[PDB]
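First, one chain by itself: the form deposited in one PDB entry, in structure tokens.
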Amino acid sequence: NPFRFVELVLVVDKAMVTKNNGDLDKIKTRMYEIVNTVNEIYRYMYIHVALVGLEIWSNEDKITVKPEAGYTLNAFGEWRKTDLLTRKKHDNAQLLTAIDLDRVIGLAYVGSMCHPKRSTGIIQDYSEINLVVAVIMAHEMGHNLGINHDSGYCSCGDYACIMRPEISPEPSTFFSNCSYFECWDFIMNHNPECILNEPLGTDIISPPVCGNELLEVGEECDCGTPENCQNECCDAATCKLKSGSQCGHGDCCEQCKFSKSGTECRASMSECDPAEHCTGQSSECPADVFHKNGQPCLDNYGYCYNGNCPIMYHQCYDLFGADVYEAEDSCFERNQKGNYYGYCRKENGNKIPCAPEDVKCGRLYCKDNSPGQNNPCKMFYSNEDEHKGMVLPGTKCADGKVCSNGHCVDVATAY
């Protein structure tokens, strides 16, 4: 599957509810319209956009929406990370506000897709023309997808491109060649892991549309307009199966037919993640199944965590290469300092030192015996991302103990 998927959640501030005289149906119908155009705008980029959530703050805003863009994007991002994402599985979120932002009409982080807090942007309800707001949105999500503003030798035709630093009064639905390459550049170097999965039809709240290249409720298949459709098993115009086709979508559908029962359709990540198989009568691969966390794995050197068996040895290896292993216990005592690298967790942007007992769950230390030198307590630190180098959650920190939220606790009570 060449296509990536952005499971989007939109949020409407109270300023907009009031501006629309409380007509929630009107607001909703309008969001469906806008997102539909965004999806069309993103075909070129081999990216699909599906609205999987819509929250209207008709009672009161859950953050203070100020005309100061930066403040508002940051708060929305925090709220999204500590609230929205906590209870709603989605990849990106945008806030629409009738409040007139200062210097701009939209603002978003760059190259932050899937980031719990930064995978967001704010959009001003600049115009009643859905194509216009659809442009702002595609633009802010563009930045999220690692795209920067066009400049110099960038082109999308004799039209006004989407990523220009200013919106044109004659907005087009085109991304520049520069936007394209920079986007997939981000998609390669950085891994937007959350835009790989295809959203289920029941996950989309917009009204199903046959032809948007998205399989929704009431459709057996969907390959877009009859002109772009390259799916032999589907009748584009009706989204119905045609000919000797027993299916036209799914990881268990090969050449318009169910794959033989027992066919693996999702490989196993580890002894903690049992692979999945096709039934022979279904086209969809069953949902990913992981063994229960806490299950002993890798010959007792670890315990299962979300389908993987994280252990300090592999972590040292991935961080420093060969000839590196778990440092002696004394090394980890550095974690009691609460200094720039030695700590267990963060709370309100504060580095919390490890309690004497949670020392194996903070910054990771490895004894380095790779050629050339000696180093008993090697540790990795980069203010580019302070979390890198930290012991992973679910890692065995002692006999019968695992790391959970920066604490070394009993495996038995950990899950």
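In case it trips you up, residue 1 is the first one in the sequence shown, and so on.
The same protein also exists as the form deposited in another entry; that form is not shown, yet it is the one meant from here on.
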Open item on the list: Which of these, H115, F258, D102, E213, is right at the hinge when one rigid part of the chain swings relative to another between this form and the one not shown?
Closed with: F258
- [ ] Kindly indicate if, in the other entry, the C-alpha atoms of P116 and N383 are closer or farther apart than in the structure shown, bearing in mind the change is 3 Å or more.
- [x] farther
Task: Pair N383/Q94, Cα separation in the other entry versus the displayed form, closer or farther by 3 angstroms or more - done: farther
